[PDB]
Amino acid sequence: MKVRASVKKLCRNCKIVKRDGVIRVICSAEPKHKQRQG
Amino acid sequence: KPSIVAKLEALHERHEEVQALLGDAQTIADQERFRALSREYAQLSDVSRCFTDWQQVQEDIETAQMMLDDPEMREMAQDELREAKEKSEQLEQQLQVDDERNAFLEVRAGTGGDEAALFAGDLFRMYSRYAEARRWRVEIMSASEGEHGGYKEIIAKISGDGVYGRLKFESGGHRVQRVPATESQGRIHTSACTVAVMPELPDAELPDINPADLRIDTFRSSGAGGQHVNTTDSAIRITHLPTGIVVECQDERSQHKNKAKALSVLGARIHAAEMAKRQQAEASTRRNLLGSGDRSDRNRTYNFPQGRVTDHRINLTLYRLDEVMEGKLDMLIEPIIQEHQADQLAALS
Amino acid sequence: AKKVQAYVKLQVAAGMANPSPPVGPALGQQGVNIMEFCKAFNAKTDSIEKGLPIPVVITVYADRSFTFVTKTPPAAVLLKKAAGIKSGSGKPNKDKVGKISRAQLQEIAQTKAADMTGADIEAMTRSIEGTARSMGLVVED
RNA sequence: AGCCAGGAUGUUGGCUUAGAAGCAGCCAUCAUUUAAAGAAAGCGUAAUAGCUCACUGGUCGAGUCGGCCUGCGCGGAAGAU
Ligand SMILES: [Mg+2]
Ligand SMILES: [Mg+2]
Ligand SMILES: [Mg+2]
Ligand SMILES: [Zn+2]
């Protein structure tokens, strides 16, 4: 997990999901692409 | 071909062992050996096709021999002459398959005294003529004259193409045997001169004052300052992490001034520590290139009474001293390279 | 039909066995023998010419016995001795590599008309010249 | 958007280099069969291979797809009795 003030899509598998009032990125291909806004 | 023929003949089988190791599948799991084979594919397929041409010439030589009763001498005479010509052409074209920059030529007097200075002047004139008949520029960086004749020590800078590739074999000592000009009797005397050849290098001096690798401490100073000096951080200390050089300053009452001048001192005294290293490196290199001119360690001898010049590295003597002293020393430096390069391809193991 | 298993068409001109990297480790990683190409592969090379770059199927099993079927030389190397140019482009618009007559290509297309797909023979001309334009080959009117 | 099917042909290209083949970097970016398919957008080889996408056919079957201007909110947001 990488925590940064600007989460963005990096590949074509990345998805934007808002869980519990937090915006975060997850993709099913590259585990290095998961990130949350903080 | 003294041994390059033997070098290739021993290595000609390696030109097939590389192919053998190509198709074994035991050198394919790794990469280094296969890379070596691919780079050394049998005499480099361009030169390999050249070798096929030479073998066609050799096969043409092989025929037209088993018949008699004909005055046939001239055609196979010219045929074998052409074969030798193309053989030497193959030699040079596969020997062609770095350090080609300006040079510093330094020559000084060895044993002999004034006669050594005279011979140094003559030798420098020879090199200057060889350079001027090459479209090269020679400039006298420094001179120390020799009282009667030439120079105690002349150092000049030669600018051109491939200068160091041709002049790098002139280092060492040169011996001269002749009747000197500073001699009342007719006695023959032996003297020596010492010659060094150097390349030129970039001399960047990067001020690594990059603060990403500095450790800085601020603290109180010591002395007579009353109540202000106690409660203030007016002393600075900077350590440069890559080199371990430490400098501190507390001379003034202002932290900013101390930091500025301490940083300046750090820069100066980190630049000196590199200039000294470069100086000692170049001095050491000059020392082991120069030798100690004492007419016992030498590379070539000039006998004026016999008009002969001999080279002891390759054991080659010639009777063309006058043409050499007028600046046609090319015939001396061609064979040496011929030997020297012949070892560069051999040292691949 | 069995699809590609262990064979990729890649090797130098058919002229001889030439036990070089293009042939040795082309099969060395897959098996068989390097020297075998002088008898079976080169049986038909005496028919055509010495120095024709053609790709040959190198189907090899785990049995280390291989069968080979060739094809026509690729159009790039095909129109080299027929065009007199040994080099090729890479800057075919800044300059050009030579000249070629339009009539010189269709009379060799029937060699490749069997293994190339198209409505008729004349259709093969357009495919080559479009490729030929990439080599800087200027059509001679 | 899903769900089935296809997703083709001479570049083993000179151009660089040992090896570069759509996918390392220098140019060009045509043509054929076709309903479609890029002389290659992505993953993947020392080099091949191999793996997706575009695009095109069948079921489904009612809506669906992105910019512009604006109101109020979300994160970015850590200190000492
Ligand atoms: Mg939770
Ligand atoms: Mg005082
Ligand atoms: Mg806010
Ligand atoms: Zn992703």
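Chain C residue numbers are taken from Swiss-Prot; in order, the displayed residues are 2-142.
Going by what the header records, the deposited coordinates were determined by electron microscopy, 3.0 Å.
Note that Cβ sites are derived from N, Cα and C of the backbone, with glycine treated the same way.
As annotated in Swiss-Prot, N6-succinyllysine applies, among C:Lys72, C:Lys82, C:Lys113, to C:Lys72. When the modified residues C:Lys40, C:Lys72, C:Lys81 are compared by Cα distance to C:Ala2 (N,N,N-trimethylalanine), the shortest distance belongs to C:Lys72. Reported as a whole number, the C-alpha separation between C:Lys81 (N6-succinyllysine) and C:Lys40 (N6,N6,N6-trimethyllysine) equals 27 Å.
C:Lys4 (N6,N6,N6-trimethyllysine) and C:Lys40 (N6,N6,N6-trimethyllysine) are 27 Å apart (CA-CA, integer value). Cα of C:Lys72 (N6-succinyllysine) to Cα of C:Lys4 (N6,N6,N6-trimethyllysine): a distance of 17 Å. Within 10 Å of its Cβ, the residue among the modified residues C:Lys40, C:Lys81 with the fewest other Cβ atoms is C:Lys40.
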